[PDB]
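Numbering of residues begins at 1 and proceeds along the displayed sequence. All heavy atoms count here, side chains included; hydrogens, waters and symmetry mates do not. Atoms within each ligand, like the ligands themselves, are counted from 1 in listed order.
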Amino acid sequence: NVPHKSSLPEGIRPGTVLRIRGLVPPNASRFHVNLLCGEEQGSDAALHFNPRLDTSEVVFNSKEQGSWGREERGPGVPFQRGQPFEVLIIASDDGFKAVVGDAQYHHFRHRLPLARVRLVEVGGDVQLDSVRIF
Ligand SMILES: N[C@@H]1[C@@H](O)[C@@H](O)[C@@H](CO)O[C@H]1O
């Protein structure tokens, strides 16, 4: 892996599916997937998906003008150190649906306009095998 970025300079529309395949390293503490509204530093985050192995939670949030919004959490932690995982982030008209493995995990309703998303960035403690956008 590596702090991985995929620019989407022309944006995305409902019906776009982000498929991330990878592995949580043995001593991982946390990793994240951000759908950002620009390439500049401090850009708003339409979505911050943050599995935290250290605190056993998975947090969802948005970032606007530098401030994080209200945190949402899914049930438990469907990730485990030393194991492979597959996540689908689906963009629909009303939000992003997150699927982990074979289960629907959480539905995050849009906070910022989907039309503003211009970049996908994956970072933290994660071994990335592939990131596809369908
Ligand atoms: N430092 C973390 C950020 O990295 C982000 O995960 C936000 C999510 O709300 O929580 C903060 O406490």
Side-chain angles (χ1 to χ4, degrees):
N1 162 237
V2 66
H4 180 91
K5 318 243 221 116
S6 293
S7 347
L8 297 170
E10 296 303 333
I12 51 165
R13 292 114 45 49
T16 301
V17 179
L18 214 198
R19 181 164 78 199
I20 302 169
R21 271 158 183 192
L23 184 141
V24 183
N27 313 126
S29 103
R30 48 179 76 171
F31 68 100
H32 63 265
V33 178
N34 292 326
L35 288 190
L36 304 161
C37 303
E39 282 183 11
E40 319 82 28
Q41 279 243 274
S43 279
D44 293 349
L47 174 72
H48 173 69
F49 167 72
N50 186 210
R52 299 170 175 181
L53 287 299
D54 62 345
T55 50
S56 286
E57 55 189 351
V58 179
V59 179
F60 288 86
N61 211 342
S62 57
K63 198 228 280 186
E64 191 140 358
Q65 287 289 201
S67 296
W68 289 104
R70 138 154 280 82
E71 290 187 333
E72 296 188 10
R73 303 181 142 62
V77 199
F79 297 100
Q80 59 175 13
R81 298 165 162 130
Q83 317 271 322
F85 66 84
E86 173 180 68
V87 177
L88 288 190
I89 293 183
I90 302 133
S92 85
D93 324 79
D94 66 340
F96 293 106
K97 306 184 280 192
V99 173
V100 181
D102 224 25
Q104 149 101 38
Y105 183 72
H106 187 78
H107 179 253
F108 185 84
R109 125 131 261 111
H110 294 318
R111 275 165 198 203
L112 317 192
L114 208 223
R116 287 232 281 138
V117 173
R118 292 277 176 291
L119 167 82
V120 174
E121 159 196 292
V122 182
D125 308 331
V126 52
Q127 186 180 288
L128 217 53
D129 286 343
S130 54
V131 175
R132 285 329 141 66
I133 310 194
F134 298 124

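Rounding to the nearest 0.5 Å places CD of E64 at 12.0 Å from OG of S43. Distance check, rounded to the nearest 0.5 Å: CG of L36 to CG of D44 gives 9.0 Å.
Within 6.0 Å of CZ in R13 there are 12 or fewer heavy atoms belonging to other residues, nucleotides or ligands. By the neighbour-count criterion of 12 heavy atoms within 6.0 Å, atom CZ of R109 is densely surrounded, having more than that number from other residues, nucleotides or ligands.
At a heavy-atom cutoff of 4.0 Å, ligand 1 is surrounded by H48, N50, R52, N61, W68, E71.
Counting only residues at least two apart or on different chains, the ring pair (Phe, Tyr, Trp, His ring centres under 6.0 Å) pairs with a member in residues 69-94 are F31-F79, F31-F85, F79-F85.
Looking at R30 and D54, a side-chain N of the basic residue comes within less than 4.0 Å of a carboxylate O on the acidic one, giving a salt bridge.
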